[PDB]
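**Student:** quick one: initial chain(s) of a complex, as found there:
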Amino acid sequence: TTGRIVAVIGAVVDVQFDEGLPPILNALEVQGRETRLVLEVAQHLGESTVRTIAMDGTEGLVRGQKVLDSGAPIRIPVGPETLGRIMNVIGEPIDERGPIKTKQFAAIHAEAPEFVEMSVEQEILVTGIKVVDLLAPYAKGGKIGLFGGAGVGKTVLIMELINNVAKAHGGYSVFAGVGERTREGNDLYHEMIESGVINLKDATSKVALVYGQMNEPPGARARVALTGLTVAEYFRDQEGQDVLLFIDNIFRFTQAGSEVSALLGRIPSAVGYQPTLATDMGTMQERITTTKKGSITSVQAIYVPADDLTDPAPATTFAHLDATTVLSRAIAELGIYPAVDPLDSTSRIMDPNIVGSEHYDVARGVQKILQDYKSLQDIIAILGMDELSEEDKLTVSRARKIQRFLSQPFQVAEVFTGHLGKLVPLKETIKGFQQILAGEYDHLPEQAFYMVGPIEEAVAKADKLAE
């Protein structure tokens, strides 16, 4: 079947087919372009005309240009031949390393796993991050989400998690860069090559890349997420291997949709977001899950518009996670990095019958003292201080030390912390905080914990801070 473009406005193009109207979700190959421009059928307006979203620029298109129906949705190459290869939204090799020689391709659009395919196994994934492992530990094969505003450390944290987990990972991994800074992409690409995670010579690459940065049209950003997902889905099912799915930033999926929304003739919903926000997010997120075939530990960086966590985008994302690490700008401003908010992060495995009673007690105890201090803050805000009882002045001091003991110098942010990267094992994490709660280290200055590793480094630093 062959259609012709009849209207072009933005990334939304309408094509009229003489015969054989292509079903929705199908791709269309715009004929007459030096660049492969794919159009995804989104609506069937009628009068043998269909509305499509462009996966690239519509600039240059002319009304009447012939378009061919591929006869199937956007298919991309999946398999081990993608590892170490940077893939385009529509599966094209944008790494310059020739074509991706895969035996079979896969459609990016698929159905979500049935209810009788989910798992109920929860295992703690020691990422090596104090705040995380202590308060909100991740689950090996559980959906994870890093929330935060523009400038809190989401990207740096996801990179850190990659450094730790992705490297010492038995299996393949996939990284999809949805609407972000290409700069970051180039950096990550070269950094992984250095860490041998991506070998440009011998086949030892484990991380497969997919990108569609902020320089791409709404259509590309709205699908790159699915593209990367499909890649991970293959390794999950037809391979039965542990797949790591890192997405940054997933919010761009929703943003891309709101842009074309108006051009698709939809009535604005709350905060001007598309009325199909939830469903669109659901059809996608639900595919990003662990099945009885394979496990996928997904780590997604979720942007928070104007830091308003009540914004329909991040607000709807919360219900699609098992572990939430909310980043606060306030804590970031204080200087505590990662800027994880200890009173807004939670984990599904934080049950005393999963992470253990001792761990649960320590985590809760830390959260409590912090909350208590938070309540004492506004109390003395502009009312002196010398009135609080020994207990209050004790909780304040301890809470502050714990607060500053949450900051851990990240290897990734070494050029931002001006310190060496440290990793603290869960055991030492529980140990240290448990001891601080016990008030054992109440004879050390607050700064002795500010940006350190194990409690040993805090004590040693304390004595070192003789002057």
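**Tutor:** Good, I have the coordinates. Residues are numbered from 1 along each chain as shown, chains lettered A, B, ... in the order given.

**Student:** can we go C-alpha only for contacts and neighbour counts from here?
**Tutor:** Will do.

**Student:** walk me through the domains of chain A.
**Tutor:** A:1-73, A:74-349, A:350-467 (curated CATH domains).

**Student:** how about JSON lines for those, with mean neighbour count added?
**Tutor:** JSON lines is the format used below for the domains of chain A (neighbours: other C-alpha atoms under 10 Å):
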{"stretch": "domain A:1-73", "mean neighbour count": "19"}
{"stretch": "domain A:74-349", "mean neighbour count": "20"}
{"stretch": "domain A:350-467", "mean neighbour count": "17"}
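
**Student:** so which residues of the stretch 51-200 of chain A form strands?
**Tutor:** Counting by DSSP state E, counting those that start in this stretch, the stretch 51-200 of chain A has strands at residues A:66-73, A:75-77, A:86-87, A:105-107, A:124-125, A:138-139, A:144-148, A:173-178.

**Student:** so which of those is nearest residue A:331?
**Tutor:** Nearest to residue A:331, of all the strands of the stretch 51-200 of chain A, is strand A:144-148, at 11.4 Å by C-alpha to C-alpha.

**Student:** measure residue A:437 to residue A:312 for me?
**Tutor:** Note on residue A:437: its distance to residue A:312, by C-alpha to C-alpha, to the nearest Å, is 38 Å.

**Student:** which SSE is the residue nearest in space to the middle of chain A in?
**Tutor:** With distances taken as C-alpha atoms, centre = their mean, the residue of chain A nearest its centroid is residue A:300 (1.7 Å). When elements are assigned from DSSP states H and E, residue A:300 belongs to strand A:296-303.

**Student:** got the angle between that strand and strand A:144-148?
**Tutor:** Relative orientation of strand A:296-303 and strand A:144-148, computed by axes from the mean of the first three to the mean of the last three C-alpha atoms, to 10 degrees: 10 degrees.

**Student:** pull the residues that contact strand A:296-303.
**Tutor:** The contact list for strand A:296-303 (C-alpha atoms under 8 Å, 6 or more residues apart in numbering) reads A:139-150, A:154-155, A:158, A:232, A:236, A:242-251, A:288-290, A:314, A:317.

**Student:** for it, which strands pair with it and how are they oriented?
**Tutor:** Within its sheet, and counting by DSSP bridges, strand A:296-303 is paired with strand A:144-148 (parallel), strand A:243-248 (parallel).

**Student:** of the ones you listed, which is nearest residue A:448?
**Tutor:** strand A:144-148 (27.5 Å).

**Student:** who's in contact with residue A:133?
**Tutor:** If you count contacts by C-alpha under 8 Å, 6+ apart, residue A:133 has them with A:125, A:126, A:127, A:426, A:429.

**Student:** over to residue A:229?
**Tutor:** So, once contact is read as C-alpha under 8 Å, 6+ apart, residue A:229 ends up touching A:108, A:174, A:176, A:245, A:287, A:288.

**Student:** throw chain B on there as well:
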Amino acid sequence: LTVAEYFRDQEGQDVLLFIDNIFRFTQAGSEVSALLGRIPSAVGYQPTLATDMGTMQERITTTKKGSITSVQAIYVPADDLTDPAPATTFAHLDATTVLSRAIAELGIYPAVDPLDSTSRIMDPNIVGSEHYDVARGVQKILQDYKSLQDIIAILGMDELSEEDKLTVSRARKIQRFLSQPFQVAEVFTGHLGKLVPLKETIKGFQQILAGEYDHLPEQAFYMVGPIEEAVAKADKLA
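**Tutor:** Okay, chain B now, added to the rest:
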């Protein structure tokens, strides 16, 4: 505007253009814009708010053939300076005088906010170092008072360091010394119209900043002309 343009160019006469109120120009636009069949922009204003204001304002300017000193009154709807009307006007002025309703309610007239009004002439190599230093010094103390205003509003002025009390006192004297009785407002000020020369204005604030008057009642600086009247009034108050 056209009338002014003529004198400016065709006669090179230094034209003084006074418009009151220019904001009405934009307001009228919104009224007809709806009827023009355009899609409303933010706050329902005409989507062409920026351009319209531009083509007009850009005609009210000094050319190499003639000079025009324009003084345009800009009404701020609902006292919202962030409103698309006044906000878009700001970048068209070389000197801005933002009148604060709060200051007016404090009897300080002209109710000019000393920390919001700006001018591109405020440069040491233009108005002089002495003028700039005094100007910034005055703006600084006033700015340091605003921060203290919070604590003052709750724990009074008792929980303040003697230093802060000094800044507060001086700031209030300066704050009042900024008020000047207008002849066109004598029926309200109840004071004869006083005009103060730049030289006396600079001197007056220099002395107060130097603390040379840290002993005179603040009211002695209310509705006065040159600093001399402040001292004189102080004596009359005894």
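
**Student:** returning to what we had before: how far away from the center of its chain is the next helix or strand after the strand holding residue A:300?
**Tutor:** Moving toward the C-terminus from strand A:296-303, the next helix or strand (DSSP H and E) is helix A:312-317. From the chain centre to the centre of helix A:312-317 is a distance of 14 Å (C-alpha atoms, centre = their mean, to the nearest Å).

**Student:** and the contacts of stretch A:435-449?
**Tutor:** Contact with stretch A:435-449 is made by A:365-366, A:397-398, A:400-402, A:404-405, A:455, A:458-459, A:461-462, A:465, as judged by C-alpha atoms under 8 Å, 6 or more residues apart in numbering or on different chains.

**Student:** again, only this time at 10 Å
**Tutor:** Outside stretch A:435-449, the residues within contact range by C-alpha atoms under 10 Å, 6 or more residues apart in numbering or on different chains are A:362, A:365-366, A:369, A:394-395, A:397-408, A:429-434, A:455-465.

**Student:** now, which of those residues lie within helices?
**Tutor:** In helices, judged by DSSP state H, the following of the contacts of stretch A:435-449 are found: A:362, A:365-366, A:369, A:394-395, A:397-406, A:429-434, A:455-464.

**Student:** is it true that residue A:267 touches residue A:261?
**Tutor:** Yes - the pair formed by residue A:267 and residue A:261 meets the contact definition of C-alpha atoms under 10 Å, at 8.2 Å.

**Student:** find residues that contact each of the two.
**Tutor:** A:273, A:274, A:275.

**Student:** can you add secondary structure and give these back as CSV?
**Tutor:** CSV is the format used below for those (DSSP: H, G, I helix; E, B strand; the rest coil):
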residue, secondary structure
A:273, coil
A:274, coil
A:275, coil
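
**Student:** surely residue A:348 meets residue A:323?
**Tutor:** Yes - counting by C-alpha under 10 Å, residue A:348 does reach residue A:323; the two are 6.3 Å apart.

**Student:** for stretch A:351-365, which outside residues touch it?
**Tutor:** A:122-124, A:131, A:133-137, A:342, A:348-350, A:366-368, A:370-371, A:426-427, A:429-435, A:437.

**Student:** go with 8 Å
**Tutor:** Stretch A:351-365 has contacts (C-alpha under 8 Å, 6+ apart) with A:122, A:123, A:124, A:134, A:135, A:349, A:350, A:430, A:433, A:434, A:437.

**Student:** got the contact list for the fifth one?
**Tutor:** When you say that, I think you mean residue A:135. Residue A:135 neighbours (C-alpha under 8 Å, 6+ apart): A:342, A:345, A:346, A:347, A:350, A:363, A:364, A:367.

**Student:** put chain C onto that model:
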Amino acid sequence: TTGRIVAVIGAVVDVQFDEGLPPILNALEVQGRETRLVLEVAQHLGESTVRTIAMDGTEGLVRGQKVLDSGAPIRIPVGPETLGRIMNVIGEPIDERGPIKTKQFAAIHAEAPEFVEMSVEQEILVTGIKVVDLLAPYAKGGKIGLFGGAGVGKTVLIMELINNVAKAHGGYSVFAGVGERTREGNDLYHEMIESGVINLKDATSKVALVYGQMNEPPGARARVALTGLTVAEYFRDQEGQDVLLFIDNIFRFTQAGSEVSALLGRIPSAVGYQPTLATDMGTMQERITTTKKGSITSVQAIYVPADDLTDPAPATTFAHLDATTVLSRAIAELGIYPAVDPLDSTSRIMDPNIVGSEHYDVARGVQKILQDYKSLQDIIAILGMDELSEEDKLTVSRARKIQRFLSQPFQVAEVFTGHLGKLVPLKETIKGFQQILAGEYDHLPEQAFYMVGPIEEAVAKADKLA
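**Tutor:** Chain C added:
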């Protein structure tokens, strides 16, 4: 005429007619349904088509279905035989006690009284309740804002007002529940039968009920207020009585409006309220007035959204209120029943050129003495209730005596607390507190002035207390 449905979108049904296109506000009876589905015309699209708002579920409607034009707006059964019956928006009996055998029918849509019909004199409706008549006198033919949640004896105060008004004014009452919770609807009905304001055996039913259950569409809930108002209008415009109209609540009346407005495709104004917020409210409130025949005083329960009084809904309602009765739980906890806060409850007619000089000054004195005592409340448990001067110690006792003398046993509580209800006339109410302020009873125990009627009873009680 018989039209045909040409479109059904939610609760908005468009019907087309060939001959005789029905006017606006006119009712339409859909044919081919078990439950009578009434459509109210509210627009003339054109090309012999009219847009209507369904009064109930439109589920099952098919394009082409016949619709009989009633030729007149929604009419409801009016007359004395509606007392003790729970009526539907369109008048259908929902209490399952058969059809309302009425001979007179009235439409819920009617123009408000003409200017020449407006009474130019402001009278006070003696409810016979000290706290009210004294401090917040109900304006005869005025709107009163009943502020109170639940568990504050709100229902009891309602049942008392009815009993008293009918017993002391021969005027029946009507209760229009806008957005009534079916649960509370059943409770209220049975609770009313117990109080005797409604009877099943003998016809002593002094109230008529109209329920706009939350189950019904916006159009139904928005009209139930009118329906109840029409049932009350009858008594005034026909029997010339002083009817009492209860609207619980008024906020849900406005909400139903914004909703209907929204469905009709009208652009929402500030905070999303319908543009016709002013008119919708006005037209309904304007019917509640005093004419040269009778009067209709309306006690409307008020819900202040987000506790914002500047919000359009409450802002508009206040523009039609004449008095307020703030049922405070704190007061109820102190055992003062009715729990009417003597400092919030206010009335506009509480002006000397209306309620009289004596009444005004006495009421003022009561409010003032209570305020003064309140100021001392702090000093009491701080410096010590003894440091207070004689006058202060006198204000304390007197204020406490008055505070207690504000409680009054309701007849509704007779079939519960086993205490005879009192109907204290305005005269004795004034004289009573007037004497307390004078200190004529500064020698009797405070308990004597608790749950009593006329001051005389308090005196006798004091003797019993010895």
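
**Student:** back to the contacts of strand A:296-303, now that we've got chain C?
**Tutor:** Strand A:296-303 has contacts (C-alpha under 8 Å, 6+ apart) with A:139-150, A:154-155, A:158, A:232, A:236, A:242-251, A:288-290, A:314, A:317.

**Student:** now do the contacts for the closest residue to residue A:138 other than its chain neighbours.
**Tutor:** Nearest residue to residue A:138, sequence neighbours excluded (C-alpha to C-alpha, 6 or more residues apart in numbering or on different chains): residue A:125, at 5.3 Å. Each residue near residue A:125 by C-alpha under 8 Å, 6+ apart is listed here: A:133, A:137, A:138, A:139, A:140.

**Student:** which pair of the residues you listed spans the longest distance?
**Tutor:** A:133 and A:140 (12.4 Å).

**Student:** just give the nearest non-adjacent residue to residue A:404, would you?
**Tutor:** Nearest one to residue A:404, counting by C-alpha to C-alpha, 6+ apart, is residue A:450 at 4.4 Å.

**Student:** residue A:209 bridge partners, please.
**Tutor:** Assessed by DSSP bridges, residue A:209 has beta-bridge partners residue A:86, residue A:175.

**Student:** wait, it touches residue A:84, no?
**Tutor:** Yes - in this structure, residue A:209 is within contact of residue A:84 by C-alpha atoms under 8 Å, at 6.9 Å.

**Student:** the residue nearest to residue A:404 against residue A:400, yeah?
**Tutor:** No - with contact defined as C-alpha under 8 Å, residue A:450 does not reach residue A:400; the gap is 9.6 Å.

**Student:** ok, residue A:465 - contacts?
**Tutor:** Residue A:465 sits in contact with residue A:448, where contact means C-alpha under 8 Å, 6+ apart.

**Student:** what are the phi and psi values at it?
**Tutor:** In terms of degrees, to the nearest 10, the main-chain angles of residue A:465 are phi -80, psi 50.

**Student:** what residues are up against the closest residue to residue A:15 other than its chain neighbours?
**Tutor:** Sequence neighbours aside, residue A:5 is the residue nearest to residue A:15 in space, at 4.4 Å (criterion: C-alpha to C-alpha, 6+ apart). Residue A:5 makes contacts with A:13, A:14, A:15, A:16, A:62, A:63, A:64, A:65, A:66, A:67, as judged by C-alpha under 8 Å, 6+ apart.

**Student:** sorry, back to before: if the residue nearest to the centre of chain A is in a bridge, with which residues?
**Tutor:** Counting by DSSP bridges, residue A:300 is bridged to residue A:145, residue A:247.

**Student:** then residue A:17?
**Tutor:** Beta-bridge partners, per DSSP bridges, of residue A:17: residue A:3.

**Student:** verify the stated contact: residue A:3 with residue A:13.
**Tutor:** No - if you go by C-alpha under 8 Å, residue A:3 and residue A:13 don't touch, sitting 11.6 Å apart.
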